[PDB]
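As they're listed, the protein sequences go chains A, B, C, D, E, F, G and H.
Per the working numbering, residue 56 is the first one in the first sequence, and the count goes up by one each step.
Per the working numbering, residue 76 is the first one in the second sequence, and the count goes up by one each step.
Per the working numbering, residue 56 is the first one in the third sequence, and the count goes up by one each step.
Per the working numbering, residue 118 is the first one in the fourth sequence, and the count goes up by one each step.
Per the working numbering, residue 10 is the first one in the fifth sequence, and the count goes up by one each step.
Per the working numbering, residue 2 is the first one in the sixth sequence, and the count goes up by one each step.
Per the working numbering, residue 269 is the first one in the seventh sequence, and the count goes up by one each step.
Per the working numbering, residue 269 is the first one in the eighth sequence, and the count goes up by one each step.
Everything below concerns the one structure shown next.
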Amino acid sequence: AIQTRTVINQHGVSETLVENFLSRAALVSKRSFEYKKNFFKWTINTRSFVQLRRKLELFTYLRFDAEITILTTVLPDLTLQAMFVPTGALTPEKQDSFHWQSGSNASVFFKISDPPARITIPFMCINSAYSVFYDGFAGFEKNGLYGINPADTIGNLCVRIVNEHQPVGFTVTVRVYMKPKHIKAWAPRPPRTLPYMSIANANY
Amino acid sequence: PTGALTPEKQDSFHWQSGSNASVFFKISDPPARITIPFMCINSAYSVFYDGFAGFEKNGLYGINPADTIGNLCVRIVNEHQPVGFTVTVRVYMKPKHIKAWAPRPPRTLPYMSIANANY
Amino acid sequence: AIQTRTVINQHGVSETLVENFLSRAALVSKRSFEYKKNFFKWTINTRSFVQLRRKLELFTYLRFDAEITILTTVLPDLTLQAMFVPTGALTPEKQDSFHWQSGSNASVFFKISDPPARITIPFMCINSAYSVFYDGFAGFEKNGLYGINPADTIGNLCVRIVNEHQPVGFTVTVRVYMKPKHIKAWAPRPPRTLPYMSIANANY
Amino acid sequence: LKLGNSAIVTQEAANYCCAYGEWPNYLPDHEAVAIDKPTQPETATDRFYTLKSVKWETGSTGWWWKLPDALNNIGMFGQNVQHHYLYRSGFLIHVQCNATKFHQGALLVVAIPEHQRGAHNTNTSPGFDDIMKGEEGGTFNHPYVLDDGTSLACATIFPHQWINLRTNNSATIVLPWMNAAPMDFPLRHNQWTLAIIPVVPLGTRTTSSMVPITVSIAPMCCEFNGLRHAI
Amino acid sequence: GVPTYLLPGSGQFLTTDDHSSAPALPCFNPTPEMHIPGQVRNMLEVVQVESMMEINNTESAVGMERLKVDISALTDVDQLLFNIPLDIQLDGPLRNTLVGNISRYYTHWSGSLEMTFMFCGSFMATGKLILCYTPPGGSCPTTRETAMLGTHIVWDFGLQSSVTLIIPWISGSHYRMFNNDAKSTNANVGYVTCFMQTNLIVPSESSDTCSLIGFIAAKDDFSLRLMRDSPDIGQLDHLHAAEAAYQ
Amino acid sequence: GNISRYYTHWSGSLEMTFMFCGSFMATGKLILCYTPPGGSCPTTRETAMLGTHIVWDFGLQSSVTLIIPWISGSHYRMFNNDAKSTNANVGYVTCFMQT
Amino acid sequence: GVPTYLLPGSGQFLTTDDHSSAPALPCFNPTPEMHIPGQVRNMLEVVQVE
Amino acid sequence: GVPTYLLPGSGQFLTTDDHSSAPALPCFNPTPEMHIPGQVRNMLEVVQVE
């Protein structure tokens, strides 16, 4: 209930640049699973949290890179794998599937006593920029999901316990972080104020 | 910092907010270290404030609204485990790039509170 | 069932070079064993996985290096050894054999809390290039194994638990990775489409 | 505007306000895709395809169109949508109404790129017939929120002009090629979304003043894929 | 070998750090750029573009009735029309503007503004109005006479339907100063009022009702600092298809 | 068709070639008609001539060269499940009996 | 890669050390200085006053 | 001694990385090359053949 003021002298302009307007590396997914479906698969869609969804939808087209950092909390020497799978190749469905043994996709291997892993993914959209809002139809026949671009796909990561079935049981918690770099945006758009109702489209 | 809200429960959605700074570190590691720049909205911190924060008469005499910095929150990241434990936390603060003004004589009579000067 | 297109502008030629066509470091062997035959011996043959066998047999002669990385998942302070044994010297057959004490062959020593070990092996073929397909006979008398070159050998690694017999028992899982470098190939050959039936020869 | 076959005459010149800064520019220095010898007809498209006249009553709430959609049916550009699948074109929009000096009201011509629509109070995506209207165009059900949850109060970030019935009765907006890919498909993608929104409704002594509003569209510099080849 | 040792702060993970990384797919060439029109490089290239506010501030104004106010030739003698508190973070005539949605992300703001009005009456209609500014010290004016003693302008209808007003300076912060989770409201700054100089003159043909629309646009001295999150949406609502990727 | 299986995105121009192996006394004319990726395949001889068509006989040359202008392609994993989105139909290379 | 090894005294934490650190809020510009009168630079400028 | 600290992503093992290594048999000279005819350097020198 106290109303005060302060005179403010400023000269900074480069604080509001778009490159460090989006370099904050917020969290994008938090899910735990067990092992005694014994893994974790997650599409790399971006509109999962409303703190990041509204902040991203100010623009029309943009172009950046991933900088994915997986943080793991959960024991004798747990080794984990995060096999990236892009489009064109198939996704694993069981823990000992032969898609794990495939070399044609990228993979990491890391412990728990180590600091958590870090990779980055370049711009893999087949257009020149990501399409945030898609004003058309993916397909020719009438029932097409209005607002899904086939160029909007990125891939999906899969997290798996490497070790043998041990006589102890445990539960692994996985968090993902994503830091955009080298930002170039176009055509600014007004924000959405009415609350979201789904993740597939804009309804209210 | 100021402007954003503080968490009140361990699984609050203020923890999931990205708009504030955060660190993540283990116990086998050496302990963490950050530094915070000068965030006072004046040109210098006001140690002794000879006025009132507010217009109506009951204002806490000697609290500058520019004197705020923020507050840190320390949280166990892990799941509820079938063991229980107790965590001890210590903080250290090292001032750098010092510029002072207008020296004042020290206080010899002992303090009685933390909010003001009484004896 | 959705049929879409995208115009594609490209200028990259150096993506399809042979040096980074084969630099992907796929997995080549996965075997676990126990300790309470108490070790692991493996010849360094290359045609063990069909993801790598068909990918390798496009050519006639090639020349590269190994870059062997052994990844170990399995405890008080386990120390492991990977004694390389080339041709000319004899292979160990028991855990406490005196071929382990021989210094004339290369060896490593490493823990489990460490990051996993890494070595590389130069070109040890006594010809100028490896012979993928051998159109002849190793030997003079009639029963020779048609398609085994005596220059095709490399060696074999042996993995052994260093520690004493402890009152606990355990099981060690060993994985191998191989990354070819400095690639020079010759005389390209059409791929095989009909499925393999054995590892010693080409049958269908 | 004596352009090609037609000429919309007797208009206030106003301003050829470019959208951001640009021109259709004929797309040079691209040889890594669409090497099919683009035909690029120019003098066979510039006609000023006019639309159906609409009626703006007191309780009216606006209209909207899609630019690659509404021209699929009419003219030489309507034929060239079929037996072709790649194109690139810039547009010209001429919006003009008419009234007496005794009416009063305000309109707002605005053009949005990649304007994804939505439905009210459901969880089902809109159907194929809820988008592909064609020439006649559709109607806003909730104009204050633009049927996507975005506020109309911030909608002046797009290129726009203010038709004010006290001052003027015309507007002209030039749109360049706004797309991620250089060339695109007509039957499943619409880049721009032309829409008009009444802000202040009309008023007179009688009722049912029509105020007929006419929109004319003309492609500036179009091109297509290849159709004729040696071998 | 070189001799090394570790600092306190090894092995940690900041959220605002900046270091190089390892590429997941090396020797992968992205598609090159293109001259896409309408490029932005600085967030201040949005609030400099004009946008409308909500003049009709009273209750029961649902929908697009907040964007306009009506004066009557029936009865409008000397009464007040509207007033604008210059508080961005508070609800009112400036809540859901263009600058009222970017500045929610930040904490401290300072700069000058520019308001614009556009009258949309008939061509035969006349009438004079008055716009009076208020310094941030005192209170809002009540009558027509007491409002003239501030910075006031006299604007009619027959010559120009447009007018330009310059706001000299604003400021603002949030001031978390207590011990508890409290919200210290910022101080009241300025008033932008409008009174009726003369009653409306219409001919016998047209309608006897006119309209007003107020615009707003920030200048090139408007600066921002200390980006935070915005409470504009809410925590969460019920999502229909909450999980797609996981399953 | 065996190298491009290893990759995902392809773009370029091609070249088809035919080689007729009849007797030295044998004659006869044929026709090769190209189809743009928009429409459908031709059915009769007359409707195929309206595209890019060539007329090739036997007695003069037993060889012929045809240039494909452009192809493209991808795989388009866009759903939520393990689905295979088929690429769109592009082109037809037909051959009818002139004589 | 370069070859490295550790000293005795790694991972410790002195109280009078001096090394660089990580900024918690990078790209945050503080308010600039001002000529505030009565600046002191050395503690011996107090005991010289009577 | 020089002052050092670690990044997130230490001790990991990528599958597409590129760093130097330790030779298992140093001071071992391989057999030299030879002008073997029919050398290929780019995979596009196959699909150009009919």
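Quick reminder that beta carbons are idealized off the backbone N, C-alpha and C, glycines included.
Asked                                                                                                                           : Found
Residue range of the beta strand (DSSP E) that includes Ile334/D                                                                : 330-336
Interface flag, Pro291/G vs chain A, CB-CB below 8 Å                                                                            : no
Cβ contact check for the stretch 10-22 of chain E and the stretch 99-113 of chain B: 3 or more pairs under 8 Å                  : yes
For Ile139/E and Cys219/E, believed in contact at Cβ under 8 Å, the rounded distance                                            : Contact doesn't hold; Cβ gap of about 16 Å is too wide.
Top-ranked residue by Cα proximity to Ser253/A, from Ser206/D, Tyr202/D, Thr239/D, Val212/D                                     : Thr239/D
Identity of the residues DSSP links to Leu72/A by a beta bridge                                                                 : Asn51/E
Where the stretch 111-132 of chain C meets chain E: residues whose CB sits under 9 Å from a CB there                            : none
Classification of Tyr232/A by the beta-carbon crowding that lies within 10 angstroms, buried from 16 upward                     : buried
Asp151/C versus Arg215/C - alpha carbon distance                                                                                : 10 Å
Helix, strand or coil at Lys110/C [DSSP, three-state]                                                                           : helix
Spatially closest choice to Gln308/D from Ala240/A, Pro235/A, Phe188/A, by CA coordinates                                       : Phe188/A
Selection from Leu147/B, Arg165/B, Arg182/B that minimises the alpha carbon distance to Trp90/B                                 : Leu147/B
Cross-chain neighbours of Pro276/H in chain A, by beta carbon under 7 Å                                                         : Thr124, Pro170, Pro171, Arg173
Closer than 8 Å to chain H by CB, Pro12/E                                                                                       : yes
Backbone secondary structure at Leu188/D - three-state DSSP                                                                     : coil
is_contact[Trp241/A, chain E] using C-beta, thresh 8 Å                                                                          : yes
Spatial neighbours of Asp120/C in its chain, beta-carbon cut-off 8 Å, leaving aside the 5 residues before and after             : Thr175, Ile176, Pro177, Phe178, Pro235, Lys236, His237
Validate contact between the stretch 235-255 of chain D and the stretch 203-210 of chain D using beta carbons, cut 8 Å, 3 pairs : no
Cutoff 8 Å: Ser103/A Cβ touching any chain B Cβ                                                                                 : no
For residue 377/D, three-class secondary structure by DSSP                                                                      : Given a span of 118 to 348 for chain D in the structure shown, any question on residue 377/D remains unanswerable.
Cβ of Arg60/C within 8 Å of any chain F Cβ                                                                                      : yes
Rounded C-alpha distance that separates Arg108/A from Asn310/H                                                                  : 44 Å
Contacting positions in the stretch 77-99 of chain F - beta carbon closer than 8 Å to chain A                                   : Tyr77, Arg78, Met79, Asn81, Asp83, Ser86
Contact with chain C by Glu301/H, beta-carbon distance below 8 Å                                                                : yes
Residue-level contact to chain G via CB, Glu70/A, 8 Å cutoff                                                                    : yes
CB contact check: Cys36/E to chain C, cutoff 8 Å                                                                                : yes
Outcome for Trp294/D when other beta-carbon atoms lying within 10 angstroms are tallied against a minimum of 16                 : buried
Expected contact under 8 Å - CB spacing of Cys338/D and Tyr143/D to nearest Å                                                   : 6 Å
Entirely enclosed beta strand (DSSP E) segments - the stretch 86-167 of chain C, minimum 3 residues                             : 95-98, 116-118, 123-128, 135-140
Residue closest to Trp140/D, alpha-carbon to alpha-carbon, out of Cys36/E, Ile45/E, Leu34/E, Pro41/E                            : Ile45/E
Distance CB(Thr156/D)-CB(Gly343/D) smaller than 8 Å                                                                             : yes
Contact between the stretch 199-206 of chain A and the stretch 72-86 of chain F (3+ Cβ pairs under 8 Å)                         : yes
Close Cβ partners of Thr208/C (< 6 Å) along its chain, the five nearest in sequence each way excluded                           : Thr142
Environment of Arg173/C [buried if 16+ CB atoms lie within 10 Å]                                                                : buried
Cross-chain neighbours of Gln307/H in chain C, by beta carbon under 9 Å                                                         : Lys239, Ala240, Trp241, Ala242
Residue from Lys169/D, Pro315/D, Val198/D, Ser268/D whose Cα sits closest to the Cα of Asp241/E                                 : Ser268/D
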